Every structure is written in structure tokens, then in C-alpha cells.
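Trainee: See entry.txt below, with compact mmCIF, C-alpha atoms and all ligand atoms.
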# COMPACT_ATOMS: atom_id res chain seq x y z
CA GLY G 1 22.08 -3.24 -3.59
CA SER G 2 22.52 -6.82 -2.41
CA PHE G 3 19.18 -8.21 -3.59
CA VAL G 4 19.45 -7.86 -7.35
CA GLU G 5 17.28 -10.90 -8.05
CA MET G 6 14.31 -9.15 -6.44
CA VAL G 7 14.89 -5.58 -7.56
CA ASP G 8 12.37 -4.40 -10.15
CA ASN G 9 10.10 -7.43 -9.61
CA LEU G 10 6.91 -5.33 -9.35
CA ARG G 11 4.51 -3.95 -11.97
CA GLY G 12 1.38 -1.84 -11.71
CA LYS G 13 0.31 1.56 -10.43
CA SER G 14 -1.41 3.15 -7.44
CA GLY G 15 -4.93 3.04 -8.84
CA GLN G 16 -5.02 -0.60 -9.90
CA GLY G 17 -2.41 -1.99 -7.55
CA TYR G 18 1.17 -3.28 -7.63
CA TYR G 19 1.72 -6.98 -8.29
CA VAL G 20 4.45 -9.60 -8.21
CA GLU G 21 4.73 -12.81 -10.24
CA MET G 22 4.13 -16.05 -8.30
CA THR G 23 3.67 -19.72 -9.15
CA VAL G 24 1.25 -22.14 -7.54
CA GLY G 25 1.03 -25.90 -7.90
CA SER G 26 2.95 -28.72 -9.56
CA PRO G 27 3.80 -28.20 -12.32
CA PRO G 28 3.97 -24.48 -11.57
CA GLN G 29 1.08 -22.27 -12.65
CA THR G 30 2.16 -18.66 -13.14
CA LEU G 31 -0.08 -15.88 -11.79
CA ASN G 32 0.33 -12.16 -11.11
CA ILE G 33 -0.51 -11.36 -7.53
CA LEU G 34 -1.48 -8.05 -5.87
CA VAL G 35 0.88 -7.06 -3.04
CA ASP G 36 -1.48 -6.20 -0.17
CA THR G 37 -0.08 -5.19 3.21
CA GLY G 38 -3.66 -4.46 4.33
CA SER G 39 -4.97 -8.06 4.45
CA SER G 40 -3.72 -11.52 5.40
CA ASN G 41 -5.05 -14.07 2.89
CA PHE G 42 -3.37 -15.50 -0.19
CA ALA G 43 -6.38 -15.76 -2.53
CA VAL G 44 -6.30 -16.42 -6.25
CA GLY G 45 -8.91 -16.59 -9.00
CA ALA G 46 -9.75 -20.28 -9.47
CA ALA G 47 -12.62 -20.11 -11.96
CA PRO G 48 -13.43 -18.30 -15.23
CA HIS G 49 -14.05 -14.55 -14.86
CA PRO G 50 -14.59 -11.81 -17.49
CA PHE G 51 -11.50 -9.95 -16.23
CA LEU G 52 -9.19 -12.98 -15.95
CA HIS G 53 -7.20 -14.50 -18.81
CA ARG G 54 -5.76 -17.14 -16.48
CA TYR G 55 -6.55 -18.73 -13.13
CA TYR G 56 -5.49 -21.39 -10.65
CA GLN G 57 -6.51 -24.85 -11.85
CA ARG G 58 -6.48 -27.11 -8.82
CA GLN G 59 -7.20 -30.27 -10.81
CA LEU G 60 -3.93 -29.77 -12.71
CA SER G 61 -1.78 -29.60 -9.57
CA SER G 62 -0.43 -32.87 -8.17
CA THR G 63 0.44 -31.12 -4.91
CA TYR G 64 -2.98 -29.59 -4.35
CA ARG G 65 -4.54 -30.38 -0.96
CA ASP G 66 -8.20 -29.66 -0.29
CA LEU G 67 -8.98 -28.28 3.20
CA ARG G 68 -12.71 -28.97 2.69
CA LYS G 69 -13.53 -25.52 4.06
CA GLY G 70 -15.09 -22.42 2.53
CA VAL G 71 -14.15 -18.79 3.18
CA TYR G 72 -16.31 -15.66 2.82
CA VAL G 73 -14.67 -12.26 2.79
CA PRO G 74 -16.82 -9.15 2.53
CA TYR G 75 -15.01 -5.81 2.44
CA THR G 76 -16.05 -2.17 2.08
CA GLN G 77 -16.23 -2.00 -1.72
CA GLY G 78 -16.95 -5.67 -2.45
CA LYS G 79 -16.34 -9.31 -1.54
CA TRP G 80 -14.59 -12.54 -2.48
CA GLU G 81 -15.60 -16.11 -1.69
CA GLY G 82 -13.59 -19.27 -2.05
CA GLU G 83 -12.47 -22.76 -1.16
CA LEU G 84 -9.48 -23.31 1.15
CA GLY G 85 -6.59 -25.65 0.33
CA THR G 86 -2.77 -25.70 0.31
CA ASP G 87 -0.24 -26.16 -2.46
CA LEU G 88 3.42 -25.44 -3.28
CA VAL G 89 4.10 -21.75 -3.91
CA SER G 90 7.15 -19.90 -5.27
CA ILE G 91 8.09 -16.32 -6.25
CA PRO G 92 10.21 -16.45 -9.48
CA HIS G 93 11.87 -13.13 -8.78
CA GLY G 94 12.14 -13.72 -5.07
CA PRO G 95 13.94 -15.99 -2.60
CA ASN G 96 14.98 -19.24 -4.21
CA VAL G 97 12.63 -21.32 -2.09
CA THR G 98 9.33 -23.16 -2.46
CA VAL G 99 6.91 -23.42 0.41
CA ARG G 100 3.62 -25.07 1.18
CA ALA G 101 1.04 -22.40 1.80
CA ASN G 102 -2.63 -21.87 2.34
CA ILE G 103 -4.44 -20.74 -0.81
CA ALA G 104 -8.03 -19.57 -1.04
CA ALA G 105 -9.32 -20.58 -4.48
CA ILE G 106 -11.71 -17.79 -5.43
CA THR G 107 -14.93 -19.11 -6.92
CA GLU G 108 -17.14 -16.02 -6.56
CA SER G 109 -16.37 -12.31 -6.30
CA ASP G 110 -17.89 -8.84 -6.49
CA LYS G 111 -15.77 -5.77 -7.26
CA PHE G 112 -12.58 -7.75 -6.58
CA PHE G 113 -10.96 -8.32 -9.99
CA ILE G 114 -10.14 -5.11 -11.84
CA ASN G 115 -10.37 -5.09 -15.63
CA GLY G 116 -6.88 -4.53 -17.06
CA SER G 117 -4.95 -4.65 -13.74
CA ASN G 118 -3.10 -7.72 -15.05
CA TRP G 119 -3.33 -9.49 -11.64
CA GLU G 120 -5.25 -12.66 -10.80
CA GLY G 121 -5.01 -12.87 -7.04
CA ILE G 122 -3.90 -11.06 -3.88
CA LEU G 123 -1.09 -11.64 -1.42
CA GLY G 124 -2.15 -10.58 2.08
CA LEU G 125 1.04 -9.70 3.90
CA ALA G 126 -0.34 -8.62 7.27
CA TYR G 127 -0.82 -10.76 10.40
CA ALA G 128 -2.93 -13.83 11.14
CA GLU G 129 -5.17 -11.86 13.48
CA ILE G 130 -7.05 -10.48 10.47
CA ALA G 131 -6.86 -13.62 8.31
CA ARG G 132 -10.22 -15.14 7.25
CA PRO G 133 -12.06 -17.23 8.38
CA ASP G 134 -9.93 -16.82 11.50
CA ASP G 135 -6.38 -16.59 12.84
CA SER G 136 -5.80 -20.32 12.46
CA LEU G 137 -5.27 -19.90 8.69
CA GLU G 138 -1.54 -19.21 8.57
CA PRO G 139 -0.65 -16.23 6.29
CA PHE G 140 1.77 -16.81 3.43
CA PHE G 141 4.64 -14.87 4.91
CA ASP G 142 4.38 -16.76 8.22
CA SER G 143 4.64 -20.03 6.27
CA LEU G 144 7.59 -18.72 4.30
CA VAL G 145 9.52 -17.85 7.43
CA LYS G 146 8.61 -21.01 9.32
CA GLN G 147 9.64 -23.28 6.45
CA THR G 148 12.82 -21.62 5.22
CA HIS G 149 15.75 -19.51 6.39
CA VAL G 150 14.27 -16.31 4.95
CA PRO G 151 14.58 -13.41 7.49
CA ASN G 152 11.22 -12.32 8.96
CA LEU G 153 11.19 -9.04 7.03
CA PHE G 154 10.20 -7.64 3.66
CA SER G 155 10.52 -4.21 2.09
CA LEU G 156 8.55 -2.38 -0.59
CA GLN G 157 9.56 0.26 -3.12
CA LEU G 158 6.36 1.19 -5.05
CA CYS G 159 7.24 3.35 -8.06
CA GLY G 160 4.65 5.78 -9.42
CA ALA G 161 5.56 6.95 -12.93
CA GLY G 162 4.42 10.53 -12.40
CA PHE G 163 2.34 10.34 -15.58
CA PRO G 164 -0.36 8.10 -17.12
CA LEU G 165 0.72 4.66 -18.35
CA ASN G 166 -1.40 3.26 -21.17
CA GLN G 167 -2.23 -0.44 -21.31
CA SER G 168 0.89 -1.35 -23.27
CA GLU G 169 3.12 0.86 -21.16
CA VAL G 170 1.99 -0.37 -17.77
CA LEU G 171 2.72 -3.93 -18.89
CA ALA G 172 6.26 -3.09 -19.97
CA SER G 173 7.17 -0.70 -17.17
CA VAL G 174 8.93 -1.55 -13.90
CA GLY G 175 6.62 -0.61 -11.03
CA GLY G 176 8.91 -1.23 -8.11
CA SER G 177 10.52 -3.81 -5.88
CA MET G 178 9.44 -6.25 -3.21
CA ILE G 179 12.54 -7.43 -1.38
CA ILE G 180 11.72 -10.60 0.55
CA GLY G 181 13.93 -11.18 3.56
CA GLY G 182 15.99 -8.03 3.39
CA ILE G 183 16.70 -4.36 2.73
CA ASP G 184 18.24 -3.35 -0.59
CA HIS G 185 20.24 -0.17 -0.12
CA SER G 186 20.07 0.92 -3.77
CA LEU G 187 16.35 1.61 -3.36
CA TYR G 188 16.53 4.65 -1.10
CA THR G 189 18.56 7.75 -0.32
CA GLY G 190 19.39 9.13 3.09
CA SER G 191 18.57 7.34 6.32
CA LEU G 192 15.99 4.79 7.40
CA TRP G 193 13.78 5.89 10.29
CA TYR G 194 11.70 3.38 12.21
CA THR G 195 8.30 3.67 13.88
CA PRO G 196 6.94 0.89 16.18
CA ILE G 197 4.34 -1.55 14.87
CA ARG G 198 1.76 -0.76 17.59
CA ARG G 199 0.05 -4.12 17.36
CA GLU G 200 0.43 -7.09 15.00
CA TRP G 201 -2.84 -7.35 13.04
CA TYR G 202 -2.78 -4.69 10.32
CA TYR G 203 0.57 -2.90 10.11
CA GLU G 204 -0.59 -0.39 12.70
CA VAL G 205 1.40 2.76 13.48
CA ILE G 206 0.93 5.97 15.46
CA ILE G 207 0.96 9.47 13.90
CA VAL G 208 1.83 12.16 16.45
CA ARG G 209 1.78 15.41 14.43
CA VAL G 210 0.58 16.58 11.02
CA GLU G 211 1.85 19.62 9.05
CA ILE G 212 0.71 21.19 5.76
CA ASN G 213 3.63 23.34 4.48
CA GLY G 214 5.10 23.34 7.96
CA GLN G 215 1.85 24.57 9.48
CA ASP G 216 0.69 22.40 12.38
CA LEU G 217 -2.80 21.04 11.73
CA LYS G 218 -2.96 21.37 15.56
CA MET G 219 -5.49 18.59 16.27
CA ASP G 220 -5.49 16.34 19.37
CA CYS G 221 -3.10 13.67 18.04
CA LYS G 222 -5.57 10.95 19.00
CA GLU G 223 -7.73 12.24 16.12
CA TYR G 224 -5.00 11.25 13.67
CA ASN G 225 -5.25 7.62 14.75
CA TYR G 226 -9.03 7.30 15.19
CA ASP G 227 -9.68 4.43 15.24
CA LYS G 228 -6.30 3.23 13.92
CA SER G 229 -3.57 4.17 11.44
CA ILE G 230 -2.22 1.50 9.06
CA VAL G 231 0.20 1.17 6.13
CA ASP G 232 -1.70 -0.45 3.24
CA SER G 233 -0.38 -1.08 -0.27
CA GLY G 234 -3.87 -2.36 -1.19
CA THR G 235 -5.40 1.10 -0.76
CA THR G 236 -4.71 3.75 -3.39
CA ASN G 237 -5.21 6.94 -1.42
CA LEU G 238 -3.97 8.57 1.72
CA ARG G 239 -7.20 8.11 3.68
CA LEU G 240 -7.79 10.29 6.76
CA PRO G 241 -10.38 10.14 9.61
CA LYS G 242 -13.34 12.40 8.71
CA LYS G 243 -12.39 15.27 11.09
CA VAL G 244 -8.75 15.17 10.06
CA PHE G 245 -9.70 15.06 6.37
CA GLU G 246 -11.87 18.13 6.87
CA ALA G 247 -9.07 20.03 8.58
CA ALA G 248 -6.40 18.90 6.12
CA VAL G 249 -8.41 19.78 3.04
CA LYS G 250 -9.19 23.20 4.48
CA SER G 251 -5.45 23.78 4.95
CA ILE G 252 -4.47 22.37 1.53
CA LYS G 253 -7.13 24.60 -0.11
CA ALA G 254 -5.74 27.62 1.72
CA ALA G 255 -2.15 26.88 0.69
CA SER G 256 -3.21 26.42 -2.95
CA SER G 257 -5.71 29.30 -2.95
CA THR G 258 -4.15 31.07 -5.93
CA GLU G 259 -6.15 28.57 -8.00
CA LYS G 260 -9.76 27.54 -7.41
CA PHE G 261 -10.61 23.86 -7.80
CA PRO G 262 -14.14 22.43 -8.05
CA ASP G 263 -15.73 20.57 -5.14
CA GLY G 264 -15.59 17.36 -7.17
CA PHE G 265 -11.79 17.61 -7.24
CA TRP G 266 -11.50 17.83 -3.48
CA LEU G 267 -13.91 14.91 -3.14
CA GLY G 268 -11.39 12.89 -5.13
CA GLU G 269 -13.97 12.20 -7.83
CA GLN G 270 -13.06 14.48 -10.72
CA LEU G 271 -9.80 15.10 -12.47
CA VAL G 272 -8.21 18.49 -13.03
CA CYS G 273 -6.05 19.18 -16.08
CA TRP G 274 -3.26 21.56 -17.10
CA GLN G 275 -1.66 22.25 -20.46
CA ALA G 276 1.20 19.79 -21.02
CA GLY G 277 4.07 20.40 -18.60
CA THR G 278 2.45 23.32 -16.78
CA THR G 279 1.17 21.56 -13.65
CA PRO G 280 1.63 24.17 -10.88
CA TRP G 281 3.30 21.89 -8.35
CA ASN G 282 4.63 24.85 -6.41
CA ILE G 283 1.19 26.17 -5.41
CA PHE G 284 0.44 22.88 -3.67
CA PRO G 285 1.78 22.24 -0.18
CA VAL G 286 4.02 19.46 1.08
CA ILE G 287 2.42 17.25 3.77
CA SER G 288 4.38 15.97 6.77
CA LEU G 289 3.30 13.08 8.94
CA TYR G 290 5.22 12.70 12.21
CA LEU G 291 5.54 9.13 13.43
CA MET G 292 6.41 7.78 16.88
CA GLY G 293 10.13 6.88 16.98
CA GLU G 294 11.76 3.93 18.70
CA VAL G 295 13.38 6.12 21.33
CA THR G 296 11.29 7.46 24.20
CA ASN G 297 9.96 10.97 23.46
CA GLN G 298 11.44 10.94 19.97
CA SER G 299 9.57 11.17 16.64
CA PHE G 300 10.55 11.60 12.98
CA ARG G 301 8.64 12.92 9.98
CA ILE G 302 7.93 11.77 6.45
CA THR G 303 7.15 14.52 3.94
CA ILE G 304 5.34 13.96 0.67
CA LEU G 305 4.89 16.25 -2.28
CA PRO G 306 1.86 16.95 -4.44
CA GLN G 307 3.64 14.67 -6.94
CA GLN G 308 2.59 11.89 -4.57
CA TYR G 309 -0.88 13.02 -3.52
CA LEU G 310 -2.05 14.10 -7.01
CA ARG G 311 -2.55 10.85 -8.94
CA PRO G 312 -1.85 10.90 -12.71
CA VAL G 313 -4.92 9.98 -14.75
CA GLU G 314 -5.63 9.94 -18.45
CA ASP G 315 -7.82 12.80 -19.66
CA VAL G 316 -11.27 11.63 -20.80
CA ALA G 317 -10.07 13.11 -24.11
CA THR G 318 -6.67 11.36 -24.21
CA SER G 319 -5.43 14.88 -25.03
CA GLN G 320 -1.96 16.20 -24.32
CA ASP G 321 -2.93 17.80 -21.02
CA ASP G 322 -1.43 16.53 -17.76
CA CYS G 323 -4.37 15.51 -15.54
CA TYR G 324 -4.68 14.29 -11.96
CA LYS G 325 -7.09 13.24 -9.24
CA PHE G 326 -6.75 14.38 -5.61
CA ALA G 327 -5.62 11.16 -3.85
CA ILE G 328 -6.46 12.12 -0.28
CA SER G 329 -9.89 11.04 0.91
CA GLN G 330 -11.94 10.53 4.04
CA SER G 331 -12.24 7.40 6.13
CA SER G 332 -14.55 6.13 8.89
CA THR G 333 -12.06 3.36 9.71
CA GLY G 334 -8.94 5.33 10.56
CA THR G 335 -5.93 6.61 8.67
CA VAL G 336 -4.72 4.52 5.74
CA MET G 337 -1.27 5.28 4.31
CA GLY G 338 -2.01 3.96 0.85
CA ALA G 339 -0.05 3.45 -2.30
CA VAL G 340 0.24 7.12 -3.21
CA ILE G 341 2.03 7.75 0.10
CA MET G 342 4.16 4.61 -0.20
CA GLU G 343 5.32 5.82 -3.62
CA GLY G 344 7.39 8.47 -1.95
CA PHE G 345 9.26 6.03 0.26
CA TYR G 346 11.15 2.78 0.55
CA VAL G 347 9.14 1.07 3.31
CA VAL G 348 10.63 -1.70 5.46
CA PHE G 349 8.23 -4.09 7.18
CA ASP G 350 10.58 -5.34 9.90
CA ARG G 351 8.37 -8.01 11.45
CA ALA G 352 11.30 -9.44 13.39
CA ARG G 353 11.82 -6.18 15.29
CA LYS G 354 8.14 -5.16 15.21
CA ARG G 355 8.88 -1.89 13.43
CA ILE G 356 8.30 -0.17 10.09
CA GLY G 357 11.07 1.79 8.44
CA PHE G 358 10.80 4.73 6.07
CA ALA G 359 13.39 6.28 3.78
CA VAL G 360 13.16 8.57 0.76
CA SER G 361 12.55 6.46 -2.33
CA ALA G 362 15.06 6.41 -5.15
CA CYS G 363 12.05 6.40 -7.50
CA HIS G 364 9.80 9.05 -5.95
CA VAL G 365 8.55 11.69 -8.39
CA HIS G 366 9.60 15.24 -7.61
CA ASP G 367 10.71 18.51 -9.22
CA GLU G 368 13.92 20.59 -9.21
CA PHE G 369 12.80 22.59 -6.18
CA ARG G 370 11.41 20.05 -3.70
CA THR G 371 11.92 16.43 -2.73
CA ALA G 372 10.18 13.97 -0.43
CA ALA G 373 11.93 13.63 2.93
CA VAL G 374 12.37 11.47 6.03
CA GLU G 375 13.92 13.53 8.81
CA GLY G 376 14.54 13.26 12.52
CA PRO G 377 14.74 13.31 15.43
CA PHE G 378 12.17 15.60 17.03
CA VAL G 379 11.38 15.82 20.73
CA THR G 380 7.76 14.70 21.06
CA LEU G 381 5.94 14.20 24.37
CA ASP G 382 3.20 11.78 25.46
CA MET G 383 3.04 9.97 22.13
CA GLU G 384 1.30 7.01 23.78
CA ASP G 385 -1.77 9.23 24.19
CA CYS G 386 -1.96 9.53 20.43
CA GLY G 387 -3.01 5.92 20.15
CA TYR G 388 -6.73 5.20 20.15
CA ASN G 389 -8.33 2.70 22.54
CA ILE G 390 -11.90 1.48 21.90
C1 LIG A 401 -8.53 -2.00 1.57
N1 LIG A 401 -8.40 -3.42 1.33
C2 LIG A 401 -7.24 -4.11 1.29
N2 LIG A 401 -6.06 -3.51 1.46
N3 LIG A 401 -7.38 -5.44 1.05
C3 LIG A 401 -8.82 -5.69 0.92
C4 LIG A 401 -9.33 -6.61 2.03
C5 LIG A 401 -9.07 -6.09 3.43
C6 LIG A 401 -9.27 -7.17 4.51
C7 LIG A 401 -8.91 -6.65 5.91
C8 LIG A 401 -9.11 -7.70 7.00
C9 LIG A 401 -10.53 -8.26 6.97
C10 LIG A 401 -10.90 -8.81 5.59
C11 LIG A 401 -10.67 -7.78 4.48
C12 LIG A 401 -9.17 -6.32 -0.43
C13 LIG A 401 -9.09 -5.42 -1.67
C14 LIG A 401 -7.66 -5.05 -2.04
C15 LIG A 401 -7.53 -4.38 -3.39
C16 LIG A 401 -8.17 -5.22 -4.48
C17 LIG A 401 -9.63 -5.44 -4.19
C18 LIG A 401 -9.82 -6.10 -2.84
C19 LIG A 401 -9.41 -4.28 1.12
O1 LIG A 401 -10.61 -4.02 1.09
Would it be possible to restate this file's structure as C-alpha cells?
Ligand SMILES: CN1C(=N)N[C@](CCC2CCCCC2)(CC2CCCCC2)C1=O
Mentor:
Amino acid sequence: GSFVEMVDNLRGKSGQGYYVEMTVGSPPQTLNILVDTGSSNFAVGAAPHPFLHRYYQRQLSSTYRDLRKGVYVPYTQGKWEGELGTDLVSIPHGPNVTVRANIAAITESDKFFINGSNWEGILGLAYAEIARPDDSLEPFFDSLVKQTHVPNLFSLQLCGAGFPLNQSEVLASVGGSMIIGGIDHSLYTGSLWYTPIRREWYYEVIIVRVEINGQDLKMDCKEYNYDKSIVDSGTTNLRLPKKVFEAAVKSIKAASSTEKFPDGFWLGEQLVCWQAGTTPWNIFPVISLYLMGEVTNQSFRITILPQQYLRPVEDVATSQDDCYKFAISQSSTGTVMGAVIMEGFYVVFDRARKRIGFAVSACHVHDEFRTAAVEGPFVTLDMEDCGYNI
């Protein structure tokens, strides 16, 4: 592991997000920032909010520059509005550099800030094409690379604990690593396998085959990428296109049929609980997603366990039972490989080579009988037809 200064620099959990410490302004103002590979704006709370105990104070920064421009960003579950400007930004447990970056000072929001998440802003790590108001607002990572010698690459190890973390525990626990400018080999086991970034906007990829316990879901592969497939640390669940979700849940129900679960469980709304330590992991199937490889007609697969797709939640009774929510849900906007999937892998966002790498995570939760996996190669034909075109 050659990047010790950045190892273990993340905190958080799949449901409320993983964050990294950053500083903004002169003198430096410390803020916890959500790592979001599914957006492209660096936006931080800049005004009092019930869920914030600190925020960016522009008037206290001598290096603050006002862009005299507003920004409005509505999203599925909510929205954030702010004022654009630039200032000096650093990552304490990151590369030893300071860069001038765009910052959206959030002045109004709805369903953005999460009570108790311990973060005050978000770091959009995707491409300028999806930056708001438009692609002229240079994303933080683009600025970082343009202004320093930092390699155009970052890697994420998100570490799920495998059990509920109370408020005190989640603040004291290491939630993972964000390695800026490199790959730290202590964070994964086995080999790294790369899939092409199809297009530079979201981190878009192409899924070419899906298996539930080795059983082919057997759908036209274009269904798996309708209308796109992305890797998004800012989404909790593995989200699947409606038709794929329907087929996958049918297959997961069949594999786990020795136990009947309520409709609310499958809808990802209600938790299911087992006596302490008795979670029947073995009745649940592993899920394999085959991804396009970098070699013509070659693919590889990533396999996750129910320890990834069943998300640990505290029982409404704080009892001693082990409880979970089903973290696979439907989407009308394509496949989203969210945090619960990323928790099984060390994921390399190799922007320089326009590819995303996957390897088994040194911190993935498993049992004595099964482990997550990244395996290849497999001969796979016509993978280009798996990509969706509007
Ligand atoms: C899922 N998702 C995401 N990964 N980022 C956003 C915005 C997505 C962008 C995508 C491009 C267009 C503008 C919105 C924000 C949320 C992230 C978690 C914390 C609450 C807000 C979102 O809705």
C-alpha cells in the first residue's frame, strides 16, 4: 500500500453516504463532504440549516471569489440551490496540494442534508457534461488535475460494517478509503479487471450478462443498460431497470424460497429480522454482473453476496436481533451500481485510460463459505449491442 496518507480517510455508511474531510477558504474551513461519483458539482452548505452544525462562511475567506451566478439543481428525491464562486480547496488526508475550485454555496435545499450523516456538502466526481448549470463549470477533479501533478485517476474502497453502527460508532469507525491519484494495493485481493467507460458524463458502463446463483437471467442484454448503467457512490442501492428488477426479484425469491418474506421487504421498504447471529445467508443467492472487458469479445464478472445486498439496519426496537433491508430496487433511469454494490469491491476510476476497474475488496463482508469475486475472462459476443441508444 503506497498511499498510506489517504488510506482510511472515509467515514459513513451506505444509507447516509460516505464522506471525506475537506477544507475550503483562507484560513481553511473544515467540512465533511459526501463522495458522489454520480454528480459533478462541488456544493457545500453555506447558510444555517437544522441538520448542519457547521457551514461554509464566504465572508470569512480572503480567497473567496464571487461568480455572480446562481445554480438550481432539482433531482429525483429533492433539490439544492446556491450561489457560484471559487475558493482554495484542500483534502487534509489526500494529496498535499491546494487548488482553486468552483464551489456552489448552498443557500436553499429540500431533502438534501440528512440528519446525522455528519456531512455538510457533496463532491461530484463525474464529468463536466452533467455539471450544473452547464458543462462550463469545471468539476473539482478536473481542476485538481489541471492545476497539479496529480494523476487523472482516483479509487474508492467503501467499507460496509456488516452490522448497524449507532451514532457514536459511525463517527469513530473507518468507512473506507478514497485514494486520489492512484491505486493502493493493500485495499484489494486478487486481480483488477477493467470495463470501458462508455461515455464521459456519468461513469457509464455496459453490463452484458446477469446471473443469480449462476442461473442466467437470460434477458436481452440491452435491457440491463436501459437507458444507461452507471457506478454511483451517491446512491445506496443496486437499482435495476423495471423489467430487470422484476426478473431479478423473481429469481432471488425462488432461490431463497425456503423462507417467505413479505412484499414490503422485496419493495425495499420494510426490514426483516433474525435472532442474533442466525441470519440465513446461505439461503440467499449470489448475484453476478458481467461487464464488457477491454479486449474484443471478452467480459469479466463481479459477484456480490447477500452480505452486500442486504443492508444492516437497526431494529425499531433496538433489540438484539440482526435486521436488514433489501437493497435492490427498481429504476426508470437505468441501472445504478450504488454503494451497497461498491462495498464489495475496490473500484478504480481510471479517467486517464477511460476505464473502471474492479477487484475484491479487502473490507467486503462475507462468511466462511462464500466471498465476493471478480473473475475473468469470458468469451462474450456482440457486447456493443448491449448498450442503449435513445
Ligand atoms: C442519485 N444522486 C446522486 N448520486 N447525486 C445526486 C444528484 C445527481 C445529479 C446528476 C446530474 C444532474 C443533476 C443531479 C444528489 C444527491 C446525492 C446524495 C445526497 C442527496 C443528494 C442524486 O440525486
Trainee: Ligand LIG 401 (chain A): which residues are within 8 Å, counting all atoms listed in the file? Reply as a VMD selection string.
Mentor: chain G and resid 16 to 17 34 36 to 40 73 to 79 111 to 114 122 124 130 to 132 202 232 to 235
Trainee: Counting only C-alpha atoms, find the residues whose atoms lie at most 12 Å from (-4.1, 23.9, -1.5) (file coordinates) and write them out as number ranges by chain.
Mentor: G: 212-213, 247-261, 265-266, 280-287, 305-306, 309-310, 326
Trainee: Save the residues we just selected, C-alpha atoms, as a PDB file, in the coordinates of the input?
Mentor:
ATOM      1  CA  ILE G 212       0.710  21.190   5.760  1.00  0.00           C
ATOM      2  CA  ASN G 213       3.630  23.340   4.480  1.00  0.00           C
ATOM      3  CA  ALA G 247      -9.070  20.030   8.580  1.00  0.00           C
ATOM      4  CA  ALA G 248      -6.400  18.900   6.120  1.00  0.00           C
ATOM      5  CA  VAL G 249      -8.410  19.780   3.040  1.00  0.00           C
ATOM      6  CA  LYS G 250      -9.190  23.200   4.480  1.00  0.00           C
ATOM      7  CA  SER G 251      -5.450  23.780   4.950  1.00  0.00           C
ATOM      8  CA  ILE G 252      -4.470  22.370   1.530  1.00  0.00           C
ATOM      9  CA  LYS G 253      -7.130  24.600  -0.110  1.00  0.00           C
ATOM     10  CA  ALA G 254      -5.740  27.620   1.720  1.00  0.00           C
ATOM     11  CA  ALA G 255      -2.150  26.880   0.690  1.00  0.00           C
ATOM     12  CA  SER G 256      -3.210  26.420  -2.950  1.00  0.00           C
ATOM     13  CA  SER G 257      -5.710  29.300  -2.950  1.00  0.00           C
ATOM     14  CA  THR G 258      -4.150  31.070  -5.930  1.00  0.00           C
ATOM     15  CA  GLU G 259      -6.150  28.570  -8.000  1.00  0.00           C
ATOM     16  CA  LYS G 260      -9.760  27.540  -7.410  1.00  0.00           C
ATOM     17  CA  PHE G 261     -10.610  23.860  -7.800  1.00  0.00           C
ATOM     18  CA  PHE G 265     -11.790  17.610  -7.240  1.00  0.00           C
ATOM     19  CA  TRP G 266     -11.500  17.830  -3.480  1.00  0.00           C
ATOM     20  CA  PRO G 280       1.630  24.170 -10.880  1.00  0.00           C
ATOM     21  CA  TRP G 281       3.300  21.890  -8.350  1.00  0.00           C
ATOM     22  CA  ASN G 282       4.630  24.850  -6.410  1.00  0.00           C
ATOM     23  CA  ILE G 283       1.190  26.170  -5.410  1.00  0.00           C
ATOM     24  CA  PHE G 284       0.440  22.880  -3.670  1.00  0.00           C
ATOM     25  CA  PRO G 285       1.780  22.240  -0.180  1.00  0.00           C
ATOM     26  CA  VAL G 286       4.020  19.460   1.080  1.00  0.00           C
ATOM     27  CA  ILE G 287       2.420  17.250   3.770  1.00  0.00           C
ATOM     28  CA  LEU G 305       4.890  16.250  -2.280  1.00  0.00           C
ATOM     29  CA  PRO G 306       1.860  16.950  -4.440  1.00  0.00           C
ATOM     30  CA  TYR G 309      -0.880  13.020  -3.520  1.00  0.00           C
ATOM     31  CA  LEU G 310      -2.050  14.100  -7.010  1.00  0.00           C
ATOM     32  CA  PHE G 326      -6.750  14.380  -5.610  1.00  0.00           C
TER      33      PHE G 326
END
Trainee: CA of residue 120 (chain G) to CA of residue 181 (chain G): how many Å, to one decimal?
Mentor: 24.0 Å
Trainee: Rank G:352, G:161, G:47, G:221 by their smallest atom-to-atom distance to residue 206 (chain G), using all atoms listed in the file, and report the top residue only.
Mentor: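 That would be G:221, the residue with the smallest distance to residue 206 (chain G).
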Trainee: So, counting all atoms listed in the file, which residue among G:200, G:83, G:263, G:385 is closest to residue 129 (chain G)?
Mentor: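 Closest to residue 129 (chain G) of all the choices is G:200.
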